[PDB]
Structure formats: structure tokens, C-alpha cells
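J.: What follows is a structure written as C-alpha cells; I'll ask about it next.
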Amino acid sequence: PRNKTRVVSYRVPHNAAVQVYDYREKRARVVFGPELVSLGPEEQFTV
Amino acid sequence: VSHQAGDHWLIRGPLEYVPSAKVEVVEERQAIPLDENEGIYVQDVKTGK
């Protein structure tokens, strides 16, 4: 079971992109390539 | 500070309290924690708003 208190992170694959929206800072971001994407308290992944 | 009979007031925060013989403790009351997007609805019963 996932420890809900730990920062949620996703390892983005090579030649892929992830879209995240910060529902509190109101800032949109798309992360390309191999990178570790971590979500702030109110950020959410686009599914 | 002065209060009329039947007045309510709130005391808060880091303190010691012993109720004066003229005072009734009505309830224990506690803060509600809320992040920058979270909220509550409150009714001000004196005005109704």
C-alpha cells in the first residue's frame, strides 16, 4: 500500500511526455523525455 | 473589558483560564485547519449572513 504522506513521483519514459496542472498555483507544465516528475500538494497528472 | 448579562464571547489561544463565578463555560471550541484552496461555510447568526 502507498504511504499517502510521501511525495508522489513518476519516472517518465524516454520519448514520452506527462502533463501536470497545479490546481493551487494555477501553473500548467508538460515534462518531456526521461525525468522524475514529482507532484506538489495540489498538482494532478492528466490521465 | 466589560460584558452584559447574556453576552457570549470567545477566548482563544495560549492561556490559562479559571471561570469567574459570574461566567458559564458554554463549550470547548477548536480551530478548523484549511489549505489555501480549502474552505468552510459559516453563518453569522447575529446578522444571519
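For the C-alpha cells, the naming scheme is as follows: chains receive sequential letters (A, B, ...) according to their order of presentation, residues are indexed from 1 within each chain, and ligands are indexed from 1 in presentation order.
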Please return, as a ChimeraX atom specification, all residues of chain A lying within 9 Å of chain B when only C-alpha atoms are considered.
T.: /A:23-24,42
J.: Just how far from CA of residue 2 in chain B is CA of residue 24 in chain B, in Å to one decimal?
T.: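 One can read the CA of residue 24 in chain B to CA of residue 2 in chain B distance as 15.4 Å.
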J.: Provide the CA of residue 34 in chain A to CA of residue 19 in chain A distance in Å, to one decimal place.
T.: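 These two atoms are separated by 13.8 Å.
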J.: Among chain A, which ones does DSSP assign to strand (DSSP E) (computed from the backbone)? Answer as a PyMOL selection string.
T.: chain A and resi 9-12+17-22+28-32+35-38+43-45
